[PDB]
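# Per-entry structural report
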Amino acid sequence: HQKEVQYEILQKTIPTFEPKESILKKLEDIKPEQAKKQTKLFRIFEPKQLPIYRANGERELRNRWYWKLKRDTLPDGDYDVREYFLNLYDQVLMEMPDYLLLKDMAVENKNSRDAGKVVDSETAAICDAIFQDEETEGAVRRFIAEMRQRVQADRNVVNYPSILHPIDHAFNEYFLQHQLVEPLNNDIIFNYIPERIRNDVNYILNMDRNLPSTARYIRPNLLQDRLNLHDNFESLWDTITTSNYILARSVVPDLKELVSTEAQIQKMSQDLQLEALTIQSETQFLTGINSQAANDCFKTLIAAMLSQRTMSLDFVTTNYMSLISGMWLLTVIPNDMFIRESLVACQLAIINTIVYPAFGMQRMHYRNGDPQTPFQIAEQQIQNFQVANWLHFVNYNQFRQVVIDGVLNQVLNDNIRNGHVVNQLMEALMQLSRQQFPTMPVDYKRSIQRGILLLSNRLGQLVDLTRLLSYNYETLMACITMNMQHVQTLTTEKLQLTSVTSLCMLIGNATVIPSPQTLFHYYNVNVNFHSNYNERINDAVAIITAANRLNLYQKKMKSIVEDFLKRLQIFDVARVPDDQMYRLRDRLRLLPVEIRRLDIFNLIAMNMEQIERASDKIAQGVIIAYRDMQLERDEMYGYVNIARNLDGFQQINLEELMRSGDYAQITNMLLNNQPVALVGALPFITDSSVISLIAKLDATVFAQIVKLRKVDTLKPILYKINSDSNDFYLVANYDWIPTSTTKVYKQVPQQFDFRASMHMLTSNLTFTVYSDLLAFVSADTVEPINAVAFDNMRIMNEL
Amino acid sequence: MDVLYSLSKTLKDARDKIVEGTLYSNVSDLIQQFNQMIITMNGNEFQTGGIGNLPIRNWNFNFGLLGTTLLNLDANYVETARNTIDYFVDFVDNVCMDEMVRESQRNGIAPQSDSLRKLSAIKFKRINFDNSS
Amino acid sequence: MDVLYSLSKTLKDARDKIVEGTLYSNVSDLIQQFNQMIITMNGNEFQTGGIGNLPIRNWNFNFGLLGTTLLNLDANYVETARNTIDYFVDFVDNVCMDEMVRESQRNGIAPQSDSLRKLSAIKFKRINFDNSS
Amino acid sequence: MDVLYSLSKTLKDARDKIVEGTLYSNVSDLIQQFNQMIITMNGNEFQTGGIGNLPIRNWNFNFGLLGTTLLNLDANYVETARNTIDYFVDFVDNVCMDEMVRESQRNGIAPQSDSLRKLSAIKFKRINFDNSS
């Protein structure tokens, strides 16, 4: 018992879920996305009143409207500020709409002369306050009682006025112009079903519902690979093929009207006698089950070929009845599907005790190394026409690599698509059923020559069985969207040749085909996984590209890839090895970005500076010149030491100072009183006191740097002195020019302009979005006795 | 010198590609260049001319960015960009005439005018565009 | 007139850039222009010739869009686009020969042929591409 | 022959568009072409010259891809690409001189040199770029 230990070491590096049949729920829970629809206009700013001051004076009897960033959650430090714009970037990604209908948002204008409307609830609250206050001019107050919507019921175009900031209009015009919604008719649905079902006689399809001009849909992404998973991701392609294996297994139909197994074991046990010399004598017969071997072999062979998952053969080499029926397995199903080490062990076992014995030849040794299979060596060794016609098909029996419609798929010959190759397997097996078998004991000779005529006498039932097996493989591969890439899988789904003997000796003449409700369901869950696969790539290559341009070097992109493989929902992500976890990463950052997710990153990156500099929490730098520069005048703050550029001073980055750790200049320039400008994103302190200005307060907060050796506690003062918040009389009554040492670098806001902040938005009136396009398709099926293959000739000619 | 060619290349392309009715994806990469010209050039001030009868002019740049949100460009978007291009294309004429008129004997391959010496800083190197002439 | 140059510019680029084996990102913005030509031109009908020995031909446009889903272009994608380009490039020859042959004395700068007067509507202005010649 | 023009077109554009300080969106589609040159050309080996006094040289390609993660290109990104362009542009000189020097009488329109016969396989067809000359 080392065998269960050595297999477990290989299993722990594979992300397949351990109950293997629980994957089928995880594939059928992937839903197509719901079409979004918003109810608000995406506002970042808002207009708010704010008191203003005179030159060297107090508050006058009026106010002004300014543009203020609502919800100021801006942190400090240059790394944390532009990390905040990555969480804002993802907050635009998860909530952008797929479509917009502005009539559902419109609110009545209450100041309008006639029945006029505005676009939502806040632009009616803004324009009402403009109508009331005694400052707005006559051409603006008269206007907002006269601005009009335009409904235009035909053509479905509406127009509604809006009051938005120029940044906020930029995000809203992009949502209106670029939306994913496109019209539907009966032609697009007819070009949506696959090509074989479009041109089949066994299936009957038409349209039984009108679709108006109002109907719509969205096109799910259906792009190929982009990042190759089938060459170097060996542990990662294994769990993909076992998830297509379990899906295609539950789609193939059951067998119907088999041969009664009580009268089938009875003929087999008396046609070959079971007292000769053998030691099993009852362990030869395990083919008595029909709904559990012949059913579970017919499902195994088709689902392994649709999923391109390799197979391995299980047999007992003393059982030859399990070995004769392996001659039919190899002449129908291509040898690419099997493990090479298990193919040769089954080919050599047919030949050692059957092929060579049939002609008195000496048994061969293989010296397990060559490119030549045992069928390939035994072919130019035998000069018999009837056998070497069969040995030449069976080794050059492989798939054919060629595309349809953009999908590369693996297909086979003509002679397996009809049952014509079985007419050679007859002759070849029958030929050696008369080989006199020299040196063989006649007891064991007659038991093996009669066991071959158990199979050769069933010609008409195996010609039709491989005629049905090829049709069910052909029909179900119309609903494949990804490529059928062929590569040897790390683990292997196992075949028992007992199940093949149970399939060969029990089949009847009953035709089973996939019903269209099964053909459509298998097509939906292939598109739903394939569209999920492309939408997650385009989400992962956007956050990697954003956090690189945004200079986030501590981002650690492994967490993006771990969140990538969770949302494909078929991966035990804690078992993926580390080299494929990193090889998957540097394939993501060599891909172009989708233009919808790129037109928004430019739309945010060109507006990072304006959002940051209207913040009311952070000031982005100080200067220190050690000389009594005077105090600036301002109608916002009264008197303030505000700075507006950094000219003639050394700019010293506070973040690069923090990361390096070696200061050595901030110590010198502060001990010896050097002029300096510290560029950062600090938070500040406001101050309304003349006594605190005379006491030289602002130059006493920088000695914390040299002792603590930290920058995170930097916090300077903003002198905002005026004639209402403090005791101002020291300014007004004496003759002195207000001076200070330091300035706090900060920008003033901009004020509400009505003409520059009113727009006219245009959308549709109404429509409906339909998902699940195949519900508009009526589907019927010809009676299964009358079913024909590609050559317009009936399958199951056995009746 | 390399950034003087890069100013003229994307003012030539701005009069050719930013036309009325064109699709936005045709000009989606030019506008990212033209907006990034303006950000570098704002706040600076220049002075050309002074030799011979060439008059002295002062230049000052305070402009706003272009919009990046339409699907097809309209006549508002063209006419608000033409009154920005026409100020830059007047600036480049007076820098090129200021440099063709001056000469030196020690090292003539260096820039001689006052404006082209100022454009040769590393602050202005981000305006650099393709060099295909 | 401006949209007659814009038809010929993106038929010249369609024979040059849409080649076999090329990467899709090289032609990702041309196909958005070439598909948006076709949407504007469908349903219309034209008539050229009639003066001298220049024969009368009737033009009618009913074509389908191009695919936008490959990674490298193959020989199916090229050969299905060449039999669309070859109908447009025959249309532009017969509009250009219809206009070089006509003249007026009152206002010669206006279009004179029947097809070029019809292309000067605001319906056809979305075909407009860069004007770099 | 078509892929020999396509090597020279994107080495001409690589010396023109990949400059210091330029924005990344200006060169975002050239680098996808230039990286896809390198993937096709690695592992192969060539041999030019041999006729007259033209010397025999052996060519071998083992290079790494370019980075696709900056916002503005810096002097590290330019100087690591110039020492890749300068090996390809030396290869194309010796293939073009190997072909201008040879001739045949049966079918002269076929390639004659050993390197240009090897570039005419379907493995090398993905290097194909626009054909505008």
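Throughout, a per-chain count from 1 in the order the sequence is written supplies the residue numbers; the entry may number residues differently, and those without coordinates are omitted. To label them, take the chains in the order written and letter them from A, then take the ligands in the order written and number them from 1. In this entry, the chains presented are a subset of a larger assembly, and the associated values cover only that subset. Excluded from the side-chain calculation are hydrogens and water; included are all heavy atoms of the structure.

The record names cryo-EM as the way this model was obtained, at a resolution of 3.48 Å.

Chain B appears in the PDB entry as Intermediate capsid protein VP6 from Rotavirus.

The name recorded for chain A in the PDB entry is Inner capsid protein VP2, from Rotavirus. UniProt positions are given in the numbering used here, feature names are shortened, and annotations may be inferred rather than shown by experiment. Per its UniProt entry, chain A bears the Sequence similarities (unreviewed entry) comment "Belongs to the rotavirus VP2 family." In its Subcellular location (unreviewed entry) section, the UniProt record describing chain A reads: "Virion".

Let's shift gears to the environment of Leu-459 of chain A. All names here are of chain A. In this fold, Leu-459 is placed in helix α19 (residues 459-463). Each residue is placed in one exposure class: buried if its accessible area under a 1.4 Å probe, protein chains only, is under 20% of its type's maximum, exposed if it is over 50%, and partly exposed if it falls in between. The exposure class assigned to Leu-459 is partly exposed, which follows from its relative accessible area of 24%. Each residue touching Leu-459, except ones within four places of it in the same chain, is listed here: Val-422, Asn-423 and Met-426. Elements are defined by DSSP. Helices are runs of H or I of four residues or more, strands are runs of E of two residues or more, and each kind is numbered from the N terminus. Contact definition: two residues touch when any of their heavy atoms are within 4.5 Å.

This next bit is on a negative patch on the surface. Put simply, a patch holds well-exposed residues, over 30% relative accessible area, that have no salt bridge, with like charges counted together within 9 Å and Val, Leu, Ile, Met, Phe, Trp or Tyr side chains within 5 Å. Residue exposure ignores everything except the shown protein chains as possible cover, and the areas themselves are Shrake-Rupley values with a 1.4 Å probe. Salt bridges, as used here, are contacts in which a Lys or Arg side-chain nitrogen is within 4 Å of a carboxyl oxygen on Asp or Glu. Just so you know, the count uses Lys and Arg for positive and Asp and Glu for negative, and it drops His and the chain ends. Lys charges are placed at NZ, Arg charges at CZ, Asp charges at CG and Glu charges at CD. Among the surface-exposed residues, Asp-76, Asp-80, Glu-83 and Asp-712 of chain A lie close enough to one another that they form a single negatively charged patch. With respect to the element layout, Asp-76 of chain A can be found in the loop between β2 (59-69) and α3 (78-93).

Right, let's get into the pattern of salt bridges. Applying the stated rule across the entire model yields 42 salt bridges over all chains. Between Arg-467 of chain A and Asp-791 of chain A there is a salt bridge, and its shortest N-O distance comes to 2.8 Å. Here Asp-791 of chain A lies in the segment after β24 (777-781) and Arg-467 of chain A lies in helix α20 (residues 465-476), a separation of 324 residues in the sequence. Looking at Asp-791 of chain A, the relative accessible area reads 32%, which means it is partly exposed. In this structure, the salt-bridge partner of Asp-98 of chain B is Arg-102 of chain B, at a minimum N-O distance of 3.0 Å. According to the relative accessible area criterion, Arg-102 of chain B is partly exposed, its value standing at 30%.

With nine residues of chain A at the contact, the number on the chain B side is seven residues. Inspection of the chain A/chain B interface yields zero salt bridges. For the purposes of these results, a polar contact is taken to be a pair of N or O atoms within 3.5 Å, where, inside protein, one atom must be able to donate a hydrogen and its partner to accept one; residues adjacent in sequence count only when each atom of the pair is a side-chain atom. On inspection of chain A and its partner chain B, the count reaches two residue pairs in polar contact. By residue number, the principal contributor to the side of chain A that touches chain B is helix α6 (residues 166-177) of chain A, which donates four residues. In this count, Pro and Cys sit with the nonpolar residues alongside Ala, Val, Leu, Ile, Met, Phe, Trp and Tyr, while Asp, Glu, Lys and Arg are called charged and the others, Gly among them, polar. Tallied by class, residues from the side of chain A that touches chain B come to four nonpolar, three polar and two charged.

Once that is clear, we can look at unusual backbone geometry. Residue and element names in this part refer to chain A. Of note in the backbone geometry, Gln-436 takes a positive phi value of approximately 50° without being a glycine. In this model, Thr-439 sits at a positive phi of 75°, which is unusual for a non-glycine residue. Among the secondary structure elements, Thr-439 is positioned in the loop between α17 (422-431) and α18 (442-456). Judged by relative accessible area, which is 84%, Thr-439 ranks as exposed.

Moving on: the side chain of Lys-743 of chain A. With respect to the element layout, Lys-743 of chain A can be found in strand β21 (residues 739-745). Apart from the residues within four sequence positions on either side, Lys-743 of chain A is in contact with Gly-621, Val-622, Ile-623, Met-629, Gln-630, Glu-632, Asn-641, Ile-642 and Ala-643 of chain A.

The next point concerns the relation of the copies chain B and chain D. Least-squares fitting over the C-alpha atoms is the method by which the copies are superposed. In the superposition of chain B on chain D (RMSD 0.0 Å, axial shift 0.1 Å), the rotation amounts to 119°. Such values leave the two copies arranged in the relation of a three-fold axis. Within chain B, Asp-29 of chain B has its C-alpha nearest the rotation axis, a separation of 6.3 Å.

Residue and element names in this part refer to chain A. When DSSP finds at least two bridges between two strands, those strands are taken to pair. One open sheet accounts for three strands, arranged β6-β8-β23; its pairing is mixed. With one partner strand each, in any of the chains shown, β6 (182-183) and β23 (768-769) form the two edges of the open sheet. Pairing of strand β8 (residues 215-217) with β23, which is carried by two bridges, proceeds in the parallel orientation. Residue pairing for β23: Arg-216 is matched across the bridge by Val-769.

Using a 1 Å grid laid over the protein atoms alone, points where a 1.4 Å probe fits but cannot get out form a cavity; open sets with protein on both sides within 12 Å along at least 5 of 7 lines form a pocket; any residue with an atom within 4 Å of a point counts as lining. Grid points are joined across faces, edges and corners, and a volume is the space filled by probe spheres set on the points. Quantified by volume, the second largest pocket comes out at close to 1700 Å³. Along the wall of the second largest pocket there are 44 residues; nearest its centre are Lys-17 of chain B, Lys-17 and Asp-130 of chain C together with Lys-17 and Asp-130 of chain D. Elements with a contribution of two residues or more to the lining of the second largest pocket: α1 (2-17) of chain B, α1 (2-17) of chain C together with α1 (2-17) of chain D. Of the residues that constitute the lining of the second largest pocket, the class distribution is nine nonpolar, 15 polar and 20 charged.

What follows concerns the packing of α6 of chain A against helix α26 (residues 595-605) of chain A. Residues and elements named next belong to chain A. Orientation of α6 relative to α26, taken along the N-to-C sense of each, is 170°, at an axis distance of 11 Å. By the angle between their axes, α6 is roughly antiparallel relative to α26. On the side of α6, the interface is formed by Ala-170, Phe-171 and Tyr-174, while α26 contributes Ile-595, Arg-596, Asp-599, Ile-600, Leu-603 and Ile-604. A class-by-class count of the residues in the contact of α6 with α26 yields seven nonpolar, no polar and two charged. Helix axes are fitted to C-alpha atoms over the stretch in contact, other axes to C-alpha atoms as well, and angles between N-to-C directions run from 0 to 180 degrees. By definition in this entry, angles of less than 35 degrees are roughly parallel, angles greater than 145 are roughly antiparallel, angles of 65 to 115 are roughly perpendicular, and the rest are oblique.

With ten residues of chain B in contact, the opposing surface of chain D contributes ten residues. Carbon and sulfur atoms supply 46% of the area buried between chain B and chain D, which totals about 920 Å² over both sides. Counting across the chain B and chain D interface gives four residue pairs in polar contact. The class makeup of the residues in the side of chain B that touches chain D is one nonpolar, five polar and four charged. Accessible-area loss on putting two parts together, using a 1.4 Å probe and summing over both, is the definition of buried area adopted here.

This part covers empty space enclosed by the protein. All names here are of chain A. Tallied over the entire structure, the rule returns 13 cavities of 30 Å³ or more. Considering the residues around the largest cavity, the lining is formed by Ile-624, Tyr-626, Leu-654, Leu-657, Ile-666, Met-669, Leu-670, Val-676, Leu-678, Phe-702 and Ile-705. Those elements that provide at least two residues to the lining of the largest cavity are β13 (622-630), α28 (654-660), α29 (666-671) and β18 (676-679). Counting residues per element, the lining of the largest cavity draws most heavily on α29, which supplies three residues. By volume, the second largest cavity is sized at about 90 Å³. Classifying every residue of the lining of the second largest cavity gives twelve nonpolar, no polar and no charged.

This part covers the nonpolar core. As used in this record, nonpolar core signifies buried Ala, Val, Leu, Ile, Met, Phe, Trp, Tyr and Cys residues forming a set joined through side-chain atoms within 4.5 Å. Counting residues in each nonpolar core, the largest one holds 182 residues, and the members touching the most others are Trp-328, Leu-329, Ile-333 and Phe-338 of chain A. No other element matches helix α22 (residues 516-549) of chain A, which puts 16 residues into this core. Apart from the residues within four sequence positions on either side, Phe-338 of chain A is in contact with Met-311, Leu-313, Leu-329, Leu-330, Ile-333, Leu-343 and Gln-488 of chain A. With 31 residues, the next largest nonpolar core counts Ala-14, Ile-85, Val-95 and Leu-119 of chain B among its residues.

Moving on: the side chain of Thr-287 of chain A. Residue and element names in this part refer to chain A. One can find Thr-287 in the loop between α10 (262-271) and α11 (294-307). Looking at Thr-287, the relative accessible area reads 8%, which means it is buried. Aside from chain neighbours lying at most four places away, what touches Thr-287 is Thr-261, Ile-265, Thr-498, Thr-501, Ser-502 and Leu-506.

Moving on, we get to the sheet that holds β13 of chain A. All names here are of chain A. Spatial strand order, β16-β21-β13-β18-β17: five strands in an open sheet with mixed pairing. A strand with exactly one partner marks an edge of an open sheet, and here the two such strands are β16 (642-643) and β17 (651-653). As judged from the three bridges shared by β13 and β18, these two strands associate in the antiparallel manner. Residue pairing for β18: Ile-623 is matched across the bridge by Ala-677.

Residues and elements named next belong to chain A. The alternating pattern of strand β12 (residues 493-496) places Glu-493 and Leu-495 on a buried face, while none of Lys-494 and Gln-496, on the opposite face, is buried. Of the strand pairs in this sheet, strand β9 (residues 311-314) and β12 are connected by four bridges, and their pairing is parallel. Following the sheet pairing, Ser-312 is matched in β12 by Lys-494.

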